[PDB]
Every structure is written in structure tokens, then in C-alpha cells.
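Before any comments, here is the structure.
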Amino acid sequence: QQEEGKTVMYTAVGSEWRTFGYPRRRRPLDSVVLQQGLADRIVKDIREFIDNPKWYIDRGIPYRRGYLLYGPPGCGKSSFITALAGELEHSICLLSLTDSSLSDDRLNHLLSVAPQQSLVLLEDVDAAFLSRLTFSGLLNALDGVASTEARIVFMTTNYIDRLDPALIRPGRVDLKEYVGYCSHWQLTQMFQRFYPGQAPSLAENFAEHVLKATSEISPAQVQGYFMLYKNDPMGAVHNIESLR
Amino acid sequence: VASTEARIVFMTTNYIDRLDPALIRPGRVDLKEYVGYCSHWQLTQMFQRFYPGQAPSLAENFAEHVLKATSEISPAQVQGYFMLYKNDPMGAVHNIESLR
Amino acid sequence: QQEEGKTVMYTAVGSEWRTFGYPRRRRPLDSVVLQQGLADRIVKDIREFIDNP
Amino acid sequence: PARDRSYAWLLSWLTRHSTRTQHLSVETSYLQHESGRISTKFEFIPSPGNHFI
Ligand SMILES: Nc1ncnc2c1ncn2[C@@H]1O[C@H](COP(=O)(O)OP(=O)(O)O)[C@@H](O)[C@H]1O
């Protein structure tokens, strides 16, 4: 009980995984609020996949699963990935495929030598697919059997139209989810999270005012606005009309 | 002769016509085998392996329907189709005609 | 009985064999179904070759 | 002797065969995996002295 869990980020240089930085504090899962039940669905799917390794080995199917998260930027995708990794006590292996330093063979080698009990995150997947750089080479390398036990891979991108349905298939990305802008439930959850204990009607009015003012409000913008009025709920509520 | 004790070597290829009979000889490839598409026995074995415990008649009907629909069905395609209807044998059986 | 066997893949770089990746779980033989008796024939031939040095 | 590997095997077999051993010692398997994952398990072993089976 005196030991605090930490999340370790693994960066890739050349054809090797390196421990970038120092162990980080694990962000609580409830801190990130995406939607009504998207977090629950993703957590349940991940728990089912992890807790049933006998199912995959007996049927001779690779113990590999992939997820895709597409939505507006700043919607809390990477934060949710970090929170999920902290909950599962895994480690994220962040890799930017948008860089031209790595090639298709280099990407396959890095993805095959990923540490055990570790997650791999490949952001900006649209850039490589749109175009060292390759579009089909990455998906060919993903389907390669060169991997380890329980290779969980997460896909995140701003838009999904640039990709193709061939990417989404068994043995590849399996459960894609769309993260959207804040809703009334999301806004009131954020308001009660930032300010520990207030009138729920006040939070509801705040959420309604924000929804009326803006239609495509992002959670990053909400957090930035909250930072302006830190430890000031009434002033923030009175200043909602200022945002317009 | 540059080898060690018990040097077992396996050859795999998509087609054999590109090679020559000189390759197949003692001191070389010895027991060549041809792997083919799924059969009725193979299909029912796969069905009972993926789903632990069902009616063998259901598996036989599934195999017959697959054989009628496709003549060159590959086991990889069968596994991929099973992944679509994971933990869903009745739906998979009803969706055999969908493959055509 | 508490030890689980593993299969190790050896890759080749330059003129040397290297241990690629980590030890993998051994896929059961019955999981792969090729034909009526091809697996049995191959297994029997391999066992005969190994067991008679 | 303790140097031989049959020591641990015999002790585990003893602690299994004689479930109700009033005198016993404890062996802890502790492994802190990367990313701060701690795995612990208590293996109980017969204590030094005399035992009857
Ligand atoms: N659901 C959320 N709950 C709390 N904070 C969020 C949420 N979504 C976004 N944020 C905040 O917005 C910022 C987004 O930064 P960034 O990681 O660049 O974008 P994204 O999180 O979309 O990958 C984070 O610092 C985070 O604090």
C-alpha cells in the first residue's frame, strides 16, 4: 500500500526502444471524461481480451488486438490512452510514424520488439497513409506475425476519411470509436471534477450556457477556460457569456 | 556437408512448377507434400475447434454450405469469417449464404 | 509440470543467428488442421528420422 | 544438499503431500516488472528441524 504505481513511456531511436524520461504519475481514469459509455465499453473490451488468453491460443488465432480513436483534435485521446495504461499497469510505447526517420522495415522491427505488458501508440496515422514513408507498408507490417504476447496497439487520428476500410478488419484495428465534442453530461462531469462540491443545478446551467454559446466546444478549450478562473466557480459561470 | 547433427530443413512455396525435379532428391528435399483447400472433414474440424461443443450435424451442414458456395475457400478466409461471428455459431451458419 | 514450453525464433543478421523477440507460446498441433493424414504422416516421418540416429 | 536442484523439488513435494504441517517456513517470490508491476506469491516450505510423513 506504500508503493505508488507509475507509467513508463518508451520512445524509439534507431531500431530500439528506450526509456524516455522518468516514471510518471498515473492519471486517474475518471479524470478524463470522453462520453456516456465509451470509456466503459473500451475498458470492458480490454479486460475481456486480457483476461482470456486461453481463448486465443486454443483456436490458433494471434493474441493481438487493435483500437482506433478518431475525432477533433484536443478531445482527450492521448490522455485517455495514458489513463487506461495506468489503470492496466501497462506502459505506453509512443511512436510518431509521421516522422520520416523510420522506414517500413524499421517500423516492423520496432513493433515486433515492443516490451512485454506494454502498450504501443502510433499517433498522426493519417500522415503516413496520405503519403521511409509508406501507406500500405505500415498495414502490411501490422499484420505480420512478428510480435509478442498481448500486443495491444492504439490508433488515433483527427479524421477517418483519409484511411480505408481495409485497415479496419480482424487481425487489425477491431473496435473503432469516435470521440466527439463535450455534451451536457460531459460538461457537468468536468465542472464537478474541477470544483469538488457545488450545486448540480449550477453545473447544469453552466453546461446549458456553454452548449448555447458554442456548438463545437472542445474539452481542451473547457480546461483552458477553467484554468483562467481557477478556484472561481461563480466568476466562471458569470463569464460564460463572455466566450460567446 | 557444412552442417550439424540433425539438420531439419523445411521448404514452403506457393507453387511447385517454378522449381525443378533436381531439387527433390535424397540428400535434399525428401518428403514433399501438397497442402490444399479446406475439405468437409477439415471444415467440420475447424467448426468444432472454434466452437467447443455443438451438434455435429450443424457442422456438417456448415461445411456442405461452404463447399457449395466456394470451391477454392482457404483456411485463412474461414478463420477470418469466424472472427466476424466470434461466439456466434448460429449467426455464422445463417450467414454462410452471404459469402456466396 | 509447472514449466511451460516455449518456441524461440532465430533470425539471421549478417552471418550470425540472433534470438529475435521473446519466447513464444507453442501453438497446439491439433489447432492447425491441414488434411486427413498429412500431419500424421509428417509427424511419423520426423519421429522416425529423429529417433534413429 | 542444498546445492543440488532436488532440494527445492523435494521440499515442494513435502509441503504438498503433508498439507497440515504445523512447523513451516515461508519463501516469497517477488518480482517488480517494468512499468512498476509488482508480482508477489508466498510459497510455504517445511521449517528446519525434524518432520514425520
Ligand atoms: N475528457 C477530458 N478530461 C480532462 N481533460 C481533457 C479531456 N480532453 C482533453 N483534455 C485536456 O486537453 C489537453 C489535450 O492535449 P493533447 O494531448 O495535445 O490532445 P489530446 O488529449 O486530444 O491528444 C490535455 O492536456 C487535457 O488536459
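Please note that chains go A, B, ... in the order of the C-alpha cells, that every chain numbers its residues from 1, and that ligands are numbered from 1 in the order shown.
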TODO: Write out as a PyMOL selection string each polymer residue (protein, DNA or RNA) that has an atom no more than 6 Å from ligand 1, with only C-alpha atoms and all ligand atoms counted.
DONE: chain A and resi 31-34+73-79+219-220
Keeping N, CA and C atoms, export the residues of the selection given above as an mmCIF file, in the first residue's frame.
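Result file out14.cif:
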```cif
data_model
loop_
_atom_site.group_PDB
_atom_site.id
_atom_site.type_symbol
_atom_site.label_atom_id
_atom_site.label_comp_id
_atom_site.auth_asym_id
_atom_site.auth_seq_id
_atom_site.Cartn_x
_atom_site.Cartn_y
_atom_site.Cartn_z
ATOM 1 N N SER A 31 -10.592 11.102 -14.298
ATOM 2 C CA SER A 31 -10.213 12.467 -14.644
ATOM 3 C C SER A 31 -10.571 12.783 -16.089
ATOM 4 N N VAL A 32 -10.351 11.833 -16.992
ATOM 5 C CA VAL A 32 -10.688 12.023 -18.397
ATOM 6 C C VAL A 32 -12.109 11.524 -18.630
ATOM 7 N N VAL A 33 -12.973 12.410 -19.122
ATOM 8 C CA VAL A 33 -14.356 12.059 -19.429
ATOM 9 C C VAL A 33 -14.580 12.206 -20.929
ATOM 10 N N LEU A 34 -14.793 11.087 -21.622
ATOM 11 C CA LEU A 34 -14.975 11.144 -23.069
ATOM 12 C C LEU A 34 -16.448 11.196 -23.457
ATOM 13 N N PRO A 73 -9.269 17.346 -32.830
ATOM 14 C CA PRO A 73 -8.062 17.438 -32.001
ATOM 15 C C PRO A 73 -8.367 18.048 -30.642
ATOM 16 N N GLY A 74 -7.573 17.653 -29.650
ATOM 17 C CA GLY A 74 -7.773 18.155 -28.307
ATOM 18 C C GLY A 74 -8.980 17.592 -27.599
ATOM 19 N N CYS A 75 -9.478 16.438 -28.034
ATOM 20 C CA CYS A 75 -10.640 15.818 -27.414
ATOM 21 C C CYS A 75 -10.277 14.876 -26.274
ATOM 22 N N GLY A 76 -8.990 14.673 -26.008
ATOM 23 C CA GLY A 76 -8.577 13.854 -24.887
ATOM 24 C C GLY A 76 -8.307 12.409 -25.244
ATOM 25 N N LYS A 77 -7.686 12.183 -26.400
ATOM 26 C CA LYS A 77 -7.397 10.822 -26.835
ATOM 27 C C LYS A 77 -6.144 10.284 -26.154
ATOM 28 N N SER A 78 -5.027 11.003 -26.289
ATOM 29 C CA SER A 78 -3.780 10.558 -25.678
ATOM 30 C C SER A 78 -3.900 10.501 -24.161
ATOM 31 N N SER A 79 -4.611 11.463 -23.571
ATOM 32 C CA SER A 79 -4.829 11.436 -22.130
ATOM 33 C C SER A 79 -5.593 10.186 -21.715
ATOM 34 N N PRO A 219 -13.026 19.799 -25.207
ATOM 35 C CA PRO A 219 -12.639 19.687 -23.793
ATOM 36 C C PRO A 219 -11.358 20.426 -23.457
ATOM 37 N N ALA A 220 -10.418 20.522 -24.399
ATOM 38 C CA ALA A 220 -9.209 21.301 -24.152
ATOM 39 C C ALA A 220 -9.544 22.769 -23.928
#
```
Task: Residues near segment 44-52 of chain C, cut-off 9 Å, only C-alpha atoms, skip fewer than 6 positions along chain, as an MDAnalysis selection string - done: chainID B and resid 6 8 31
Task: Near-residue 36 of chain C list (8 Å; only C-alpha atoms; drop same-chain fewer than 2 positions) as JSON, numbers by chain - done: {"B": [41, 42], "C": [34, 38, 39]}
Residues as selected, C-alpha atoms, written as a short mmCIF file (atom, residue, chain, number, x, y, z; two decimals), in the first residue's frame, can you do that?
```
data_model
loop_
_atom_site.label_atom_id
_atom_site.label_comp_id
_atom_site.auth_asym_id
_atom_site.auth_seq_id
_atom_site.Cartn_x
_atom_site.Cartn_y
_atom_site.Cartn_z
CA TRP B 41 -13.57 -33.04 -42.68
CA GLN B 42 -11.30 -30.01 -42.40
CA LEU C 34 -4.24 -29.49 -42.90
CA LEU C 38 -0.80 -35.33 -43.87
CA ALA C 39 0.00 -34.14 -40.34
#
```
Task: Who sits within 12 Å of segment 25-27 of chain D, only C-alpha atoms, same chain under 3 positions skipped, as a PyMOL selection string - done: chain D and resi 8+11-12+15+21-22+30+40-49
Would you output that residue set with N, CA and C atoms, as a PDB file, in the first residue's frame?
```
ATOM      1  N   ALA D   8      14.848 -28.192  -3.644  1.00  0.00           N
ATOM      2  CA  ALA D   8      13.606 -27.435  -3.748  1.00  0.00           C
ATOM      3  C   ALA D   8      12.450 -28.324  -4.185  1.00  0.00           C
ATOM      4  N   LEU D  11      11.345 -30.402  -1.236  1.00  0.00           N
ATOM      5  CA  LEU D  11      10.643 -29.591  -0.247  1.00  0.00           C
ATOM      6  C   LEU D  11       9.236 -29.234  -0.712  1.00  0.00           C
ATOM      7  N   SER D  12       9.075 -28.894  -1.992  1.00  0.00           N
ATOM      8  CA  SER D  12       7.740 -28.615  -2.511  1.00  0.00           C
ATOM      9  C   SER D  12       6.862 -29.859  -2.464  1.00  0.00           C
ATOM     10  N   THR D  15       5.756 -30.259   1.132  1.00  0.00           N
ATOM     11  CA  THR D  15       4.730 -29.309   1.535  1.00  0.00           C
ATOM     12  C   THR D  15       3.407 -29.566   0.831  1.00  0.00           C
ATOM     13  N   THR D  21       1.183 -29.189   8.029  1.00  0.00           N
ATOM     14  CA  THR D  21       2.489 -29.146   8.678  1.00  0.00           C
ATOM     15  C   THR D  21       2.493 -27.976   9.653  1.00  0.00           C
ATOM     16  N   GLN D  22       2.497 -28.286  10.950  1.00  0.00           N
ATOM     17  CA  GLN D  22       2.448 -27.235  11.961  1.00  0.00           C
ATOM     18  C   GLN D  22       3.690 -26.355  11.910  1.00  0.00           C
ATOM     19  N   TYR D  30       9.138 -12.438  -5.264  1.00  0.00           N
ATOM     20  CA  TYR D  30       8.822 -11.042  -5.530  1.00  0.00           C
ATOM     21  C   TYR D  30       9.531 -10.615  -6.803  1.00  0.00           C
ATOM     22  N   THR D  40       3.784 -10.853  -6.486  1.00  0.00           N
ATOM     23  CA  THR D  40       4.163 -11.497  -5.239  1.00  0.00           C
ATOM     24  C   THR D  40       3.393 -12.797  -5.072  1.00  0.00           C
ATOM     25  N   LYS D  41       4.053 -13.778  -4.464  1.00  0.00           N
ATOM     26  CA  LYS D  41       3.438 -15.066  -4.191  1.00  0.00           C
ATOM     27  C   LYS D  41       4.190 -15.729  -3.049  1.00  0.00           C
ATOM     28  N   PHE D  42       3.437 -16.265  -2.095  1.00  0.00           N
ATOM     29  CA  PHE D  42       4.002 -16.933  -0.932  1.00  0.00           C
ATOM     30  C   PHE D  42       4.030 -18.435  -1.167  1.00  0.00           C
ATOM     31  N   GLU D  43       5.229 -19.007  -1.159  1.00  0.00           N
ATOM     32  CA  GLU D  43       5.419 -20.449  -1.212  1.00  0.00           C
ATOM     33  C   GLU D  43       5.872 -20.911   0.164  1.00  0.00           C
ATOM     34  N   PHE D  44       5.129 -21.840   0.750  1.00  0.00           N
ATOM     35  CA  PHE D  44       5.398 -22.303   2.101  1.00  0.00           C
ATOM     36  C   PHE D  44       6.216 -23.584   2.066  1.00  0.00           C
ATOM     37  N   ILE D  45       7.241 -23.634   2.913  1.00  0.00           N
ATOM     38  CA  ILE D  45       8.228 -24.710   2.876  1.00  0.00           C
ATOM     39  C   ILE D  45       8.416 -25.253   4.281  1.00  0.00           C
ATOM     40  N   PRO D  46       8.726 -26.545   4.394  1.00  0.00           N
ATOM     41  CA  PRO D  46       8.962 -27.119   5.724  1.00  0.00           C
ATOM     42  C   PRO D  46      10.097 -26.413   6.448  1.00  0.00           C
ATOM     43  N   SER D  47       9.895 -26.187   7.738  1.00  0.00           N
ATOM     44  CA  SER D  47      10.853 -25.488   8.575  1.00  0.00           C
ATOM     45  C   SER D  47      12.007 -26.403   8.950  1.00  0.00           C
ATOM     46  N   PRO D  48      13.169 -25.835   9.266  1.00  0.00           N
ATOM     47  CA  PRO D  48      14.288 -26.662   9.730  1.00  0.00           C
ATOM     48  C   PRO D  48      13.926 -27.411  11.003  1.00  0.00           C
ATOM     49  N   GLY D  49      14.426 -28.640  11.111  1.00  0.00           N
ATOM     50  CA  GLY D  49      14.152 -29.490  12.244  1.00  0.00           C
ATOM     51  C   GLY D  49      13.816 -30.890  11.788  1.00  0.00           C
TER      52      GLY D  49
END
```
- [ ] Determine which residues of chain A receive a DSSP assignment of strand (DSSP E), computed from the backbone, and state them as a PyMOL selection string.
- [x] chain A and resi 6-13+16-25+64-70+91-96+118-123+151-157+173-178
Output of the above residues as a compact mmCIF listing (two decimals), in the first residue's frame, restricted to C-alpha atoms:
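Below is the file that was written, result01.txt:
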```txt
# COMPACT_ATOMS: atom_id res chain seq x y z
CA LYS A 6 3.90 4.69 -12.35
CA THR A 7 3.60 4.75 -16.14
CA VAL A 8 6.78 4.48 -18.20
CA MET A 9 6.99 5.97 -21.69
CA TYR A 10 9.12 4.02 -24.16
CA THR A 11 10.49 6.03 -27.07
CA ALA A 12 12.12 4.57 -30.18
CA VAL A 13 15.52 5.60 -31.54
CA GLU A 16 15.40 0.05 -30.32
CA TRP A 17 13.00 1.03 -27.54
CA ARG A 18 14.38 3.42 -24.92
CA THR A 19 13.02 4.56 -21.56
CA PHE A 20 12.26 8.21 -22.25
CA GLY A 21 12.26 10.49 -19.22
CA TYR A 22 11.36 9.33 -15.73
CA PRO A 23 8.39 7.32 -14.44
CA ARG A 24 5.26 9.47 -14.45
CA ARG A 25 2.32 9.67 -12.08
CA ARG A 64 -3.24 -9.28 -30.94
CA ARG A 65 -5.91 -6.57 -30.80
CA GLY A 66 -6.12 -3.03 -32.13
CA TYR A 67 -8.21 0.07 -31.42
CA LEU A 68 -8.83 3.29 -33.34
CA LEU A 69 -9.92 6.66 -31.93
CA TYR A 70 -10.91 9.36 -34.42
CA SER A 91 3.50 1.09 -20.27
CA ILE A 92 2.86 3.20 -23.36
CA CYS A 93 5.36 2.98 -26.22
CA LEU A 94 4.71 6.26 -28.01
CA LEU A 95 5.89 6.37 -31.62
CA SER A 96 5.37 9.11 -34.21
CA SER A 118 3.32 -2.62 -22.77
CA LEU A 119 1.00 -0.59 -24.98
CA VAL A 120 2.09 0.95 -28.28
CA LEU A 121 0.64 4.25 -29.51
CA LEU A 122 1.00 5.47 -33.10
CA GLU A 123 -0.42 8.97 -33.48
CA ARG A 151 0.35 -6.79 -28.44
CA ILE A 152 -2.21 -4.05 -27.81
CA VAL A 153 -2.00 -1.23 -30.35
CA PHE A 154 -3.99 2.01 -30.33
CA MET A 155 -4.74 4.17 -33.37
CA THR A 156 -5.53 7.87 -33.03
CA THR A 157 -6.21 10.39 -35.79
CA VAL A 173 -7.99 -2.40 -35.80
CA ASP A 174 -11.01 -4.06 -34.19
CA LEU A 175 -13.07 -1.62 -32.09
CA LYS A 176 -13.00 1.86 -33.58
CA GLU A 177 -14.63 4.65 -31.58
CA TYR A 178 -15.46 8.27 -32.40
```
Rows by chain and residue number, chain A within 9 Å of chain B, shortest pair, only C-alpha atoms, as JSON lines:
```
{"residue": "A:58", "atom": "CA", "partner": "B:49", "partner_atom": "CA", "distance": 8.1}
{"residue": "A:59", "atom": "CA", "partner": "B:50", "partner_atom": "CA", "distance": 5.7}
{"residue": "A:61", "atom": "CA", "partner": "B:79", "partner_atom": "CA", "distance": 8.2}
{"residue": "A:169", "atom": "CA", "partner": "B:84", "partner_atom": "CA", "distance": 8.8}
{"residue": "A:170", "atom": "CA", "partner": "B:83", "partner_atom": "CA", "distance": 6.5}
{"residue": "A:171", "atom": "CA", "partner": "B:80", "partner_atom": "CA", "distance": 8.3}
```
Open item on the list: as a count of residues only, could you give me every residue of chain C near chain A (at most 10 Å apart, counting only C-alpha atoms)?
Closed with: 14
Open item on the list: I need the chain B residues near chain C as a VMD selection string; criterion: at most 12 Å, counting only C-alpha atoms.
Closed with: chain B and resid 5 to 10 30 to 50 74 to 76 79
- [ ] List every residue of chain D that DSSP, applied to the backbone of this structure, assigns to helix (DSSP H, G or I), and report them as a VMD selection string.
- [x] chain D and resid 6 to 17
Go ahead and write the residues just picked, C-alpha atoms, as a PDB file, in the first residue's frame.
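Below you can see again_19.pdb, which holds the result:
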```
ATOM      1  CA  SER D   6      16.354 -31.788  -5.998  1.00  0.00           C
ATOM      2  CA  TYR D   7      16.320 -29.885  -2.691  1.00  0.00           C
ATOM      3  CA  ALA D   8      13.606 -27.435  -3.748  1.00  0.00           C
ATOM      4  CA  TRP D   9      11.644 -30.128  -5.588  1.00  0.00           C
ATOM      5  CA  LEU D  10      11.653 -32.428  -2.561  1.00  0.00           C
ATOM      6  CA  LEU D  11      10.643 -29.591  -0.247  1.00  0.00           C
ATOM      7  CA  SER D  12       7.740 -28.615  -2.511  1.00  0.00           C
ATOM      8  CA  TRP D  13       6.652 -32.250  -2.741  1.00  0.00           C
ATOM      9  CA  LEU D  14       6.779 -32.470   1.056  1.00  0.00           C
ATOM     10  CA  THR D  15       4.730 -29.309   1.535  1.00  0.00           C
ATOM     11  CA  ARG D  16       2.155 -30.685  -0.902  1.00  0.00           C
ATOM     12  CA  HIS D  17       1.960 -34.229   0.487  1.00  0.00           C
TER      13      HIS D  17
END
```
Open item on the list: Counting only C-alpha atoms, a student should be able to say which residues of chain D come within 7 Å of chain A; what is the right answer, written as a ChimeraX atom specification?
Closed with: /D:35-37
Open item on the list: If we count only C-alpha atoms and set the cut-off at 9 Å, which residues sit around residue 66 of chain B, ignoring sequence neighbours fewer than 2 positions away in its own chain? Please answer as a VMD selection string.
Closed with: chain B and resid 40 43 61 to 64 68 to 71 73 96 to 97 99 to 100
Based on the selection just made, write N, CA, C and O atoms of those residues as a compact mmCIF listing (two decimals), in the first residue's frame.
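What landed in again_2.txt:
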```txt
# COMPACT_ATOMS: atom_id res chain seq x y z
N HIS B 40 -14.51 -31.20 -46.37
CA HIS B 40 -15.60 -31.35 -45.42
C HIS B 40 -15.08 -31.71 -44.03
O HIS B 40 -15.49 -31.12 -43.03
N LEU B 43 -13.32 -28.67 -42.64
CA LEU B 43 -14.25 -27.62 -42.24
C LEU B 43 -14.97 -27.97 -40.95
O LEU B 43 -15.12 -27.12 -40.07
N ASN B 61 -23.56 -29.47 -42.01
CA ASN B 61 -24.32 -28.57 -42.87
C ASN B 61 -23.52 -27.32 -43.19
O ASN B 61 -23.54 -26.83 -44.32
N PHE B 62 -22.81 -26.78 -42.20
CA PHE B 62 -21.95 -25.63 -42.42
C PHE B 62 -20.88 -25.93 -43.46
O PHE B 62 -20.66 -25.14 -44.39
N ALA B 63 -20.23 -27.09 -43.34
CA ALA B 63 -19.20 -27.47 -44.29
C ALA B 63 -19.77 -27.65 -45.69
O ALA B 63 -19.17 -27.21 -46.68
N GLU B 64 -20.93 -28.30 -45.79
CA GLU B 64 -21.55 -28.50 -47.10
C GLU B 64 -21.94 -27.18 -47.74
O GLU B 64 -21.75 -26.98 -48.94
N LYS B 68 -20.45 -25.76 -51.22
CA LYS B 68 -21.32 -25.36 -52.31
C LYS B 68 -21.06 -23.91 -52.73
O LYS B 68 -21.01 -23.60 -53.92
N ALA B 69 -20.90 -23.02 -51.75
CA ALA B 69 -20.71 -21.61 -52.07
C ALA B 69 -19.38 -21.37 -52.77
O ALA B 69 -19.34 -20.72 -53.83
N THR B 70 -18.28 -21.88 -52.22
CA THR B 70 -16.96 -21.64 -52.76
C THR B 70 -16.23 -22.96 -52.96
O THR B 70 -16.37 -23.89 -52.17
N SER B 71 -15.44 -23.02 -54.03
CA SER B 71 -14.66 -24.20 -54.37
C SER B 71 -13.20 -24.10 -53.95
O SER B 71 -12.56 -25.12 -53.71
N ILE B 73 -12.02 -22.19 -51.24
CA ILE B 73 -12.01 -21.50 -49.96
C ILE B 73 -10.73 -21.84 -49.20
O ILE B 73 -10.33 -23.01 -49.12
N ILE B 96 -23.69 -18.01 -43.99
CA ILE B 96 -22.87 -18.69 -44.99
C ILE B 96 -23.29 -18.28 -46.39
O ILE B 96 -22.44 -18.03 -47.26
N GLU B 97 -24.60 -18.20 -46.64
CA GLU B 97 -25.09 -17.81 -47.96
C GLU B 97 -24.67 -16.39 -48.31
O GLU B 97 -24.62 -16.03 -49.49
N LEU B 99 -21.68 -15.14 -47.94
CA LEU B 99 -20.37 -15.20 -48.58
C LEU B 99 -20.50 -15.49 -50.07
O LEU B 99 -19.83 -14.85 -50.89
N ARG B 100 -21.34 -16.45 -50.43
CA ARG B 100 -21.54 -16.86 -51.82
C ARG B 100 -20.22 -17.19 -52.52
O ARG B 100 -20.16 -18.09 -53.35
```
Task: Contacts of residue 195 of chain A at 10 Å (only C-alpha atoms; same-chain gap of 6+ positions) as number ranges by chain - done: A: 189, 203, 226, 230-233
Open item on the list: What's the separation between atom CA of residue 60 of chain B and atom CA of residue 88 of chain B, in Å to one decimal place?
Closed with: 16.7 Å
- [ ] Provide the atom CA of residue 102 of chain A to atom CA of residue 132 of chain A distance in Å, to one decimal place.
- [x]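 About the pair atom CA of residue 102 of chain A and atom CA of residue 132 of chain A: they are 6.1 Å apart.
Atom pair atom CA of residue 2 of chain A / atom CA of residue 28 of chain D has a distance of 18.4 Å (rounded to one decimal).
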